[PDB]
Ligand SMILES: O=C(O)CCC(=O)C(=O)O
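In structure tokens, the next block holds one chain alone, the form solved without this ligand.
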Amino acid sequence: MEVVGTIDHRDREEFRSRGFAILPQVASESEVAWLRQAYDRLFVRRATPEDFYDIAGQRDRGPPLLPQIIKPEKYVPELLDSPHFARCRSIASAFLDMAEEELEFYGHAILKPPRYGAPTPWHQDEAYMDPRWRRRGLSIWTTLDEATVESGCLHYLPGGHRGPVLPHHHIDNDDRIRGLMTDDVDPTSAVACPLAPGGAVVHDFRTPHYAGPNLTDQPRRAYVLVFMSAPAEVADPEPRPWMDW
């Protein structure tokens, strides 16, 4: 099928209120099929005489990292031409109350291997950003596969985008590429967002989120588009002592 869902006022309203939103079908079945074929080539599972995914971060990797490609549109420039990109930019515009032309953007590809046992710990995406420069923005996480709690779908802290950027620390101070985490989210307050293929979740830069391990025997792929404003000077910057400069 080639049908795609729509957004309405209620979608925007709950995004503003809760800091995240579920879009049941942002990519059509045929768009998902094409994205899957693209990932088949981007993420080559390669054998040795343990298999590894033949990308930076994996083939040269301490504990395993989540297989991911920053700005995959460099390798597959067919990506940002797409109706799916345009559709997502329009959604971002509606949700941020900003003209599409004002948005900076980039792509991000993720594959969670079968039986990948590490979670993505609680974090806010803004914790990765320079406290001297504020951007409004969001992420649109489009799944290529069923996403369930057991396969590693995202969980959010509703309303957390109106709270502080929580204290974060490196998972390993001597292995910073593993990323950041916060201990300051109550898991009983979390809400999970399972998705069908072609569905997406959208979240603000400040909404805390977590992803579980992939306890299933099938890879789980997501294509993430980030849309954001130009940076604005912050007069009194937060310390964020966990920042990797």
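Heads up: residue numbers just count along the shown sequence, starting at 1.
Below, we refer to the form deposited with this ligand bound, which is not included among the displayed structures.
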message: Since the partner isn't included here, can you check whether this ligand sits close to all of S28, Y39 and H84 in the deposited bound form (heavy atom within 4.5 Å for each)?
response: no
message: Based on heavy atom distances of 4.5 Å or less, which listed stretch (29-37, 205-213, 51-59, 181-189) is in contact with this ligand in the deposited bound form?
response: 205-213
- request: Check each of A92, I110, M129, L79 and return the one that places a heavy atom within 4.5 angstroms of this ligand in the deposited bound form.
  value: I110
task: Flag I69 as yes or no: does it have a non-hydrogen atom within 4.5 angstroms of any non-hydrogen atom of this ligand in the deposited bound form?
output: no
message: Under a 4.5 Å heavy atom criterion, is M228 part of the interface with this ligand in the deposited bound form?
response: no
message: Even though the partner isn't displayed, in the deposited bound form is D145 close enough to this ligand, meaning a heavy atom within 4.5 Å?
response: no
query: Might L154 be said to contact this ligand in the deposited bound form, defining contact as any heavy atom within 4.5 Å?
result: yes
field: Sequence-ordered list of residues in 99-128 near this ligand in the deposited bound form, where near means a heavy atom within 4.5 Å
entry: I110, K112, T120, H123, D125
